[PDB]
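Next up is one chain by itself, shown in structure tokens, the form deposited in one PDB entry.
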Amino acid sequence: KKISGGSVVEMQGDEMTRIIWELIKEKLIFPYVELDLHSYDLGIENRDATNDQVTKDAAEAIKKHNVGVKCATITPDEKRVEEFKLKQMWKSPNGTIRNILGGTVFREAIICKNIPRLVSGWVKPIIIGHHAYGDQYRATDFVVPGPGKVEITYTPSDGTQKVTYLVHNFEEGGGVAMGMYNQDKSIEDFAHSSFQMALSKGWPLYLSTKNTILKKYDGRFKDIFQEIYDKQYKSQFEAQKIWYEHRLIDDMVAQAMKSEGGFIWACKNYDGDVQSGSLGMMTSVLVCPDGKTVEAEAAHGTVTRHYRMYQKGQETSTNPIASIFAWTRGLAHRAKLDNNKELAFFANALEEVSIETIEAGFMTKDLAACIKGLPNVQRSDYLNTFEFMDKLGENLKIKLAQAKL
């Protein structure tokens, strides 16, 4: 008999990822696990037909069932509106889901011993989580057309005296100015998600800020994380031989480079600054502050360029790893919530099979290019999308047979 997997919210997607998502379910998941599957079709055509109601319903199902596994989806732009004759330029499903669930997104690149990394010494991945914006949240920027004062004021609701801070006195010429803010609740949610993420992995957590420059703004993140740690998580961390520390950004960057990895890094970037492989190896998880709800997905898109080749009947070599790890992370979380030992073993075995297959020299073109360099990759160095899924399927059957005896 198959493993009884319980409740999983699954969101089908678009283009190349939609094809790979179906192959994963048919070849890797369904032959071994029976799920009470709450399946939502987030294909662009279905979101258009339902006036995006499907997206909202999927988000509510994740909130109820605690486990979401999502396929990459098309975020409409002008060209997509014309391509599908869309009724509206629908908002990103990821944006809609994040707004309903809340939480922090943690990204992790899957490491294979034979695949070159930025730091060769990295044996274990580094999991990065950013303090992001709640999609509707913004900064108030404007042009300063000429000389004059820019001030920022706070008027207490409690009737106490208003406080005025001079931002800059433009004495000659103009420029630009802006106002930014953060609510304590957002910082607290960021801290809770980071501590829950570290406890779940059994890895230490680092928070980096620029509190030497933004003494009040970044000092608040530093203080809130330390207050929550001391009160709610410190005993739990010590019990798992892990820790939490604040590090100044400059000091944090250098330490990660001389490290073997295996830590969570919560990042509070300097506000207003710009922030930005193989993408097929990058996983993503939205971790809600409750420590109960997660939504897992590949960090890449729908791979439109490969989908166009597939539509023409041309051979493709699309990496399914990030999509497989969305399934394994969701199933591992489900197993943890349900104390399901068989499901926990399966989720770990599938991750090991995926890494082992690549480490044995069977991989898609993107990874063969990492090893050989794109100018020297030959057809014999890689497997096409379907051949690679078949190899994973064969290795998974072998792994699960060895596990039985």
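When you see a residue number, it is the position in the sequence shown, counting from 1. Think of the rigid core as the biggest set of C-alphas that the two forms share within 1.5 Å after superposition.
A.B. asks: Does at least a third of the other compared PDB entries (those resolving both flanking residues) leave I321 without coordinates?
C.D. replies: That residue is present in all of the other compared entries.
A.B. asks: So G121 is built in this one, but is it left out in a third or more of the other compared PDB entries that include its neighbours?
C.D. replies: No, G121 is modelled in every other compared entry.
A.B. asks: How many residues that are in the deposited sequence but not in the model lie between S276 and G277: none, 1 to 3, 4 to 9, or 10 or more?
C.D. replies: The entry has a gap there, with 4 to 9 residues left out between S276 and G277.
A.B. asks: Going by the average Cα B-factor in the PDB entry, point out whether 97-105 or 320-328 comes out higher.
C.D. replies: The recorded data point to 97-105.
A.B. asks: So which stretch wins on mean C-alpha B-factor, 248-256 or 228-236?
C.D. replies: Per the PDB record, 248-256.
A.B. asks: Given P375, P31, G361, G68, identify the residue with the highest C-alpha B factor in the PDB entry.
C.D. replies: Of the options given, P375 has the highest CA B-factor in the PDB entry.
A.B. asks: Identify, among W243, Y165, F195, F221, the residue whose C-alpha carries the highest B-factor in the deposited PDB entry.
C.D. replies: Reading the PDB entry, the winner on C-alpha B-factor is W243.
A.B. asks: Should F84 be placed in the lowest, middle or highest third of its chain by the C-alpha B factor in the entry?
C.D. replies: Highest third - that is where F84 ends up once the chain's C-alpha B-factors are sorted.
A.B. asks: Lowest, middle or highest third: which one holds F190 when the chain's residues are ordered by CA B-factor from the entry?
C.D. replies: Lowest third, going by the recorded CA B-factors of the chain.
A.B. asks: With respect to C-alpha B-factor, does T304 fall in the lowest, middle or highest third of the chain as deposited?
C.D. replies: For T304, the deposited C-alpha B-factor lands in the middle third.
A.B. asks: Divide the modelled residues of the chain into thirds by Cα B-factor and specify which third, lowest, middle or highest, holds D184.
C.D. replies: Middle third, going by the recorded CA B-factors of the chain.
A.B. asks: Can you work out whether the C-alpha temperature factor of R117 puts it in the lowest, middle or highest third of the chain?
C.D. replies: For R117, whose C-alpha B-factor we compare with every modelled residue in the chain, the answer is the highest third.
Not on display, but discussed next: the form deposited in another entry.
A.B. asks: Which of the listed residues (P76, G301, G102, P125) moves its Cα by 2 Å or more between this form and the one not shown when the core is kept in place?
C.D. replies: None of the others reach 2 Å, which leaves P125.
A.B. asks: Tell me whether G174 is among the residues that move between this form and the one not shown (Cα shift of 2 angstroms or more, core superposed).
C.D. replies: Passes the 2 Å threshold, so yes.
A.B. asks: Using a rigid core superposition, assess whether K268 undergoes a CA shift of 2 Å or more between this form and the one not shown.
C.D. replies: Superposed on the core, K268 moves its C-alpha 2 Å or more between this form and the one not shown.
A.B. asks: 2 Å or more on the CA of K292 between this form and the one not shown, with the rigid core superposed, yes or no?
C.D. replies: No, the C-alpha position differs by under 2 Å between this form and the one not shown.
A.B. asks: Might you say whether the CA atoms of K201 and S323 end up closer or farther apart in that other deposited form than in this form? Their distance differs by 3 Å or more.
C.D. replies: It is farther: the C-alpha separation of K201 and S323 rises by at least 3 Å in that other deposited form.
A.B. asks: Closer or farther: how do the CA atoms of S323 and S200 lie in that other deposited form, compared with the form shown, if the change is at least 3 Å?
C.D. replies: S323 and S200 sit farther apart in that other deposited form.
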